[PDB]
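A single chain, nothing else alongside it, follows as structure tokens in the form deposited in one PDB entry.
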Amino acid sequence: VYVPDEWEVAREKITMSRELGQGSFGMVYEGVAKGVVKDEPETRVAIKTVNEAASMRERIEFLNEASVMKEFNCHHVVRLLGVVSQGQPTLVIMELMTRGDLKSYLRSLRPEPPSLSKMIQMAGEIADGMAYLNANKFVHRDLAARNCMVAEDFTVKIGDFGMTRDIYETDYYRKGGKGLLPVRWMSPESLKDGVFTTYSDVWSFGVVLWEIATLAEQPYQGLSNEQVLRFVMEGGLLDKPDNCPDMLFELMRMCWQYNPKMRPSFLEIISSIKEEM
């Protein structure tokens, strides 16, 4: 069960354009929306949707994951703008991040070195969103560059585009043939016991920093999914990226302490980069 509220907006006011990709519950689109932002008759939006052919309790699961965003007010987490629970298909409308996911954005820079400054900006802008989420008692459990989102001004925001895009099929393993797992981005304790925490979010952040420093290479390129498990669970780590600044590899290491209680908080990460400006 879900009860509509003041977030509800009318299907009429929402246009869909070109598709953005396959979501957990449906296709996702680019669009425009009216009367959803103050002094702004039109607003470009991401329209997340459901397949008419999905369960009623999956249309309920879909809405109650958007109900979590109603609580948030951080400029580094992608903004919930409205809901359309009434009728078919069921929609959520969000802030449109006009440069898409951090992984495509970094990959688009290969054939052209980004400055320590810019890499440390991006790093602080990810760590701000995550600090907020961790404090509003939210564990991302799929923090990766492909789940960060980039604004027209190049500011980075935490988002989540699910585990279902064709484009990043390499980044997921159906372990034991169960559900998809982003094994390359997972803490040793997430891999062994299925323990997701703030602290395992800090591990995924270490791998995002690696992704920024490598321009989104595949972590542990040349190991199989089962070989990644073995390597990380026995205390293995990623190598210093080529041309990696000292300050940014030391962040990485901190985030990859085997003992979760040894990794720093996002709050401590922000403090740590702040004494570097």
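In this text, rigid core is short for the largest set of C-alphas that superpose within 1.5 Å between two forms. Just count from 1 along the sequence shown to find any residue number.
If you look for the form deposited in another entry, you will not find it shown, but the lines that follow are about it.
Put simply, after the core is superposed between this form and the one not shown, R165 is the one residue in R165, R107, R99, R141 with a Cα shift of at least 2 angstroms.
Superposed on the core, the two forms differ at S24: its CA moves 2 Å or more between this form and the one not shown. The Cα-Cα distance between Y168 and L237 is lengthened by 3 Å or more in the other form relative to the form shown here. A change of 3 Å or more separates the two forms for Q221 and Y168: their C-alpha atoms lie farther apart in the other form.
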